[PDB]
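This document starts with two versions of one protein chain, written out as C-alpha cells and named structure 1 and structure 2.
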Structure 1
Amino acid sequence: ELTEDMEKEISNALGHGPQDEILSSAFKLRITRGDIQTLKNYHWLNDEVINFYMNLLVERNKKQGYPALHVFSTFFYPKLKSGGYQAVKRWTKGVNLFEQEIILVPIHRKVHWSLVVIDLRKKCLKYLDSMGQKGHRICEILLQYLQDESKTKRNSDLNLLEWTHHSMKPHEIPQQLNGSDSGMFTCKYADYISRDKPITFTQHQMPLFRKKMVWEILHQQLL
C-alpha cells in the first residue's frame, strides 16, 4: 500500500538535512524537517505534528462527509486549566462550537499525550489514554468550559443533567506497549473517532502509521 516512491519520499523527509527546512505549510503552521523527525521510530511527537494532523482530520471529514469536527489547539487545555474561561474565551472567535458534532481536545501532560472526546450528538465526554491514566477531573473542567461557552456566547445554560462522561476501560481501547508512542495513539484515536469507527488498531501498526503520517503531512492528504 506504500509505493516505493512514497517510501523514498518519506525516507527523504526523515533523513539528513537542516532542522529548519520547511517541508509542509498549511493552517498557519510550518512543519520543518525537525518537526517531521519526531515521527521517526521511538521519537516523541511534538505539538506541531499533532496540531497539524488534527487540522488534517477536520479537512478530511469535510471532504469525505464525516461528522462536523472541531479541534482545539494542544495549547488550549493548559491555558484553560491555568486561567479559566477568561484566558481562553476569545479562542473561539466567530465559530459556534455547538453547530459542530464532534469536538477533539488534545491533552498534553508534562511528557505524555492524551485525548478527550466531546460528542455533542450524544452530549457525552470521553477521556482516552494509551497508558491507562485517569481523567475524570479533566472532563469536568472541559464540561464546565462548555457551560461557560454556552452562557457567554449564546446566552443559555447547558442542562448538565443530560451530559454524561465515562472514562475508557484499558481493556476496550488499545494500549501502548512501549515508551514513546503516546502521541501516535492520540492521533490515531482521534482519527478513528472522527470517522465514528471502532478503535480496532494495535501497537503493532504504529510503525507503519508513523511512516504514513510523514507522507500524509507532506502531501496534506490522508491515506
Structure 2
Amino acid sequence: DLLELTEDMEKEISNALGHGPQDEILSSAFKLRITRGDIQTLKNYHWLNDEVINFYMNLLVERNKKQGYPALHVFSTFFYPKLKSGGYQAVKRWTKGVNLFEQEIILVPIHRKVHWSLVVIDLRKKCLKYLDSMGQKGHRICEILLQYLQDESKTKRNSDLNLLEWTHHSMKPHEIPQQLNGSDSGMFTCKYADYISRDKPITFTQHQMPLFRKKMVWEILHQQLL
C-alpha cells in the first residue's frame, strides 16, 4: 500500500527524474545498471522500460525472502519472447542452477506489442493466471508457458507434468481498470506482482499509480521496498 513522502525523499526522487546525463547510472544490482534515462521512464505518463521492470521484480525476490514470504522466482522480461520464438531449447539454460519446482511462486513479466502484462504461475496449487491491465486474454501465452514448465520438468527433473491438474485463469471483468492507459501497464504489472507475491489481495486502483511511481523510483535508488 501507499505512504507519504519525506521532503528529503521527494527531492531525492526529484533529482533522479530531473535533468542530467541520461546515461549516468543511479543504482546497480542484479547486474542491472539503472541510468537516469531508465528511471525517467517512471515519470508520470511515461511507459516503463524493461530495466525498471527487471530491477523491481528482483527487489520483490529479495523482499519476499527477507520478510519470510513465499520463495519467489522471477524470469527476465526477455524470457518469454525467446521462448515464443526459439522454443524451450532456447531458454533451457535460463534456469541453470535453479530448481524451479522448489520455488513456490514464479513470475513472468510479458511485453505485448505496446503494453506490459504479467503471468503468475503458483507452484503451490498448479495455478496460472494472466493479469493484463488492458483487459486482454493470455491464451497462447499461458499455454506456451505451461508447456515450458512441462519441458523444464522433464529435461531437468526427468519426471513429466500432469498438465491435466494445471488450470489456467484470467482476471474477471470487474478487476480490469477503467481508465485503461498502456502508459500505466508496467505499474500494474509491478504492483500486481508485488501483491500476488505476498498473497495480499489486489486492493489498489489506478488513482494510486502516480504515487506508486514516485515510491518506486525511491525504492530503486535505495534498493529497498516500502
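By convention here, residues take numbers in order along the sequence of structure 1, the first being 1. Only residues modelled in both forms are compared. Basically, rigid core = biggest C-alpha set you can superpose within 1.5 Å across the two forms.
Task: Core-superposed comparison between the two structures: the option from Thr164, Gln64, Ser156, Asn178 whose CA moves 2 angstroms or more - done: Residue with a C-alpha shift of 2 Å or more: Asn178.
Open item on the list: Looking at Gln100, what is the CA displacement between the two structures after core superposition, in angstrom?
Closed with: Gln100 C-alpha displacement between the two structures, core-aligned: 0.2 Å.
Task: Core-referenced Cα shift (Å), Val111, between the two structures - done: Here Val111 registers a C-alpha shift of 1.0 Å.
- [ ] Superpose on the core, then tell me which runs of at least 3 consecutive residues have all their CA atoms shifted by 2 Å or more between the two structures.
- [x] Core-superposed, the single displaced stretch is 172-179.
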